[PDB]
Amino acid sequence: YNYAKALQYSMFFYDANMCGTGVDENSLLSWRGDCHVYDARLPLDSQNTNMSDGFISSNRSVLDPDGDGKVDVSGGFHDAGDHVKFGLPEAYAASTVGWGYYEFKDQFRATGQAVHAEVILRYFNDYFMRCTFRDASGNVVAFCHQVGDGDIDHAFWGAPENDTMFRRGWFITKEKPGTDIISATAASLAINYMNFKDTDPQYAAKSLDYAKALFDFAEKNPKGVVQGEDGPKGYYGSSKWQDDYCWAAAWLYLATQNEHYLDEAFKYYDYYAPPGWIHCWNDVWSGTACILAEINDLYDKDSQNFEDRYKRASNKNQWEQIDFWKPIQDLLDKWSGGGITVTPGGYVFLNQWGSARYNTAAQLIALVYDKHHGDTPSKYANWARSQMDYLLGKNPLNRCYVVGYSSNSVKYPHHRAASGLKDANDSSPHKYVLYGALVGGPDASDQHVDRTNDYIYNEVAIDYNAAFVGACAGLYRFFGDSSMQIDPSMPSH
Ligand SMILES: [Ca+2]
Ligand SMILES: [Ca+2]
Ligand SMILES: [Ca+2]
Ligand SMILES: [Zn+2]
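Just so you know, we're using the deposited numbering here: the sequence shown kicks off at 38 and counts up by one.
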């Protein structure tokens, strides 16, 4: 149960999912090369994209300044074990990994893993920026949130480098709401600014500029979530846009101290939501609550100004009790204190689809709470540790759910590239080790089937590994020893 090594390994899943013309330059995995490079030359028309003929006609000079009739929506990361790039979870992974790097930068540095983190975060955010088509004044005209289609992509199984199937570009326009994805993306870029403002001021400024523009687009235009027919159909069904909107707003206030953003956050912030679910691609209310609480600690610790402003904004009585950290304390008491179902084996299980993804998100929140409350481990961090240790092998199957981490790790993740096979049903060993991938996890009875075609319990994804990265760093922060060394034989930048 070496958290330094866990942190190191955790990011390699991202190298395995890098997409586009920049993968041999950015990925540390020799078995990954440039893929879907035709994404970089997507034809600008109403069939290869989902923008109307009229929209393209009126906006051609901004969408295609050079006039070669093609746009570049290449880059970023494949979503899961598949090759589609879905906007909602793409932004969730980018912001959540960024969220962890922002909170525990000291640990990434102490373990020599900060450079790896920055390469991954730059790859996520540079993709978002290239996909944000703005006029010269900075106004967002269109945002490509998805490349590919589950309906088409899932019908194939092979290395991404050899794929040639149709990969449509889906764009958000002022003609139809896309508030959830636009906001989720703006949040990531605002976090990118926070992560690079001291280290690369110019790059940070660019990220912040794009973040503010995206948020303004979300703010100014009619509200709604991107619909299934406009790209994610049943793969990533979005519940709402208000949490992503508030998440972006909170981060933008942190980045700019422009009161307007805090006012927007307070206008839609559901104080009752955090304790309900946990941080995930379809609900970032808990993460939002954490940021608003840190904002309060930073700028309004000894007074009730922010609390009273929030009550006025969400029309609550002035005497209602509001403590920005309380919703998260409730969430954590629920997760660490017996509120959420725990398996006979001692694993806190929300539900079977990506239980590990939910568990590690709770771990992250637990570690962030302790950091901001004396920066010392409490029952929350201690609980988080018990959960990470379960996932690392302290369970009924003595099974490590992080592939490649140990001899007892799962070995057959549901992943096209790593498998090196032509069919998920083929039971042969994988040609490559998908180091650091956190699989769906065990079922409610601590059982697990380690097969390439077990798409529930062996599923892997950018959103699955997102909070997991931060949790490892957070655990190293409070529990790392001199005995916890990174693996010197792993590829490095
Ligand atoms: Ca062009
Ligand atoms: Ca949402
Ligand atoms: Ca206050
Ligand atoms: Zn690709």
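Just so you know, even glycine gets a beta-carbon here, dropped at the ideal spot from N, CA and C.
Secondary structure at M55: strand, using DSSP grouped into helix, strand and coil. Ranking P312, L44, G382 and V263 by CA distance to the CA of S276 puts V263 first. Bounds of the beta strand (DSSP E) holding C181 are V177 to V184. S67 and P311 have their C-alpha atoms roughly 41 Å apart. DSSP places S529 in the coil class of the three-state scheme, outside both helix and strand. Here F193 has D200 and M202 as same chain residues with Cβ atoms under 8 Å from its own Cβ, once five neighbours each way along the sequence are excluded. Collapsing the DSSP output to three states places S444 in coil. Leaving aside the five residues that flank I365 on each side, the residues in its chain whose CB is nearer than 7 Å to its CB run, in chain order, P311, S323, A326, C327, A330, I402 and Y406.
Here the segment 141-150 makes no contact with the segment 76-93; the two share fewer than three CB pairs at distances below 8 Å. Near ligand 4, meaning a Cβ closer than 5 Å to any of its heavy atoms, lie the following residues in chain order: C56, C72, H73 and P197. If you draw a straight line from the Cα of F49 to the Cα of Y472, it is about 6 Å long. By the Cβ-count criterion, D119 is buried, with 16 or more other Cβ atoms from all chains shown falling within 10 Å of its own Cβ. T148 sits in coil when the DSSP states are folded into three classes, being neither helix nor strand. Ranked by Cα distance from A474, the first of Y494, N462 and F165 is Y494. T489: not part of any alpha helix (DSSP H); DSSP gives it neither H nor E.
The C-beta distance from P450 to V497 rounds to 5 Å, short enough to fall under 8 Å. Here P238 is exposed. Its C-beta has fewer than 16 other C-beta atoms within 10 Å.
As summarised for the segment 356-438, the continuous alpha helix (DSSP H) elements at least 4 residues long and confined to that stretch are 363-373, 392-408 and 416-428, given in chain order.
If you draw a 10 Å sphere on the C-beta of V121, you find 16 or more other C-beta atoms in it, and that means buried.
Contact check between the segment 108-116 and the segment 155-169: three or more CB pairs, one atom from each, fall below 8 Å, which counts as touching. The beta carbons of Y247 and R171 sit closer together than 9 Å. Between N232 and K142, the gap from beta carbon to beta carbon is short of 9 Å.
At least one heavy atom of ligand 1 falls within 8 Å of the beta-carbon of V108.
The bridge partners DSSP lists for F208 are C181. Annotation for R97: the continuous alpha helix (DSSP H) segment containing it runs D90 to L100. Here the alpha carbons of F386 and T378 stand approximately 5 Å from one another. Distances from the CA of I157 to each of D105, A503, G441 and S519 were compared; the closest alpha carbon is that of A503. With fewer than 16 other Cβ atoms inside 10 Å of its own Cβ, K270 counts as exposed.
Counting of Cβ neighbours within 10 angstroms places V108 among the buried residues, the total reaching 16 or more. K213 sits in a strand when the DSSP states are folded into three classes.
In the assembly as shown, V486 is an exposed residue. Its beta-carbon has fewer than 16 other beta-carbons within 10 Å. By the neighbour-count definition (other C-beta atoms within 10 Å, threshold 16), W420 is a buried residue.
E212 has its CB no nearer than 8 Å to any heavy atom of ligand 3.
Around the beta-carbon of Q144, 16 or more other beta-carbon atoms lie within 10 Å, marking it buried. Distances from the CA of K234 to each of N319, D71 and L245 were compared; the closest alpha carbon is that of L245. For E496, DSSP records a beta bridge to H451.
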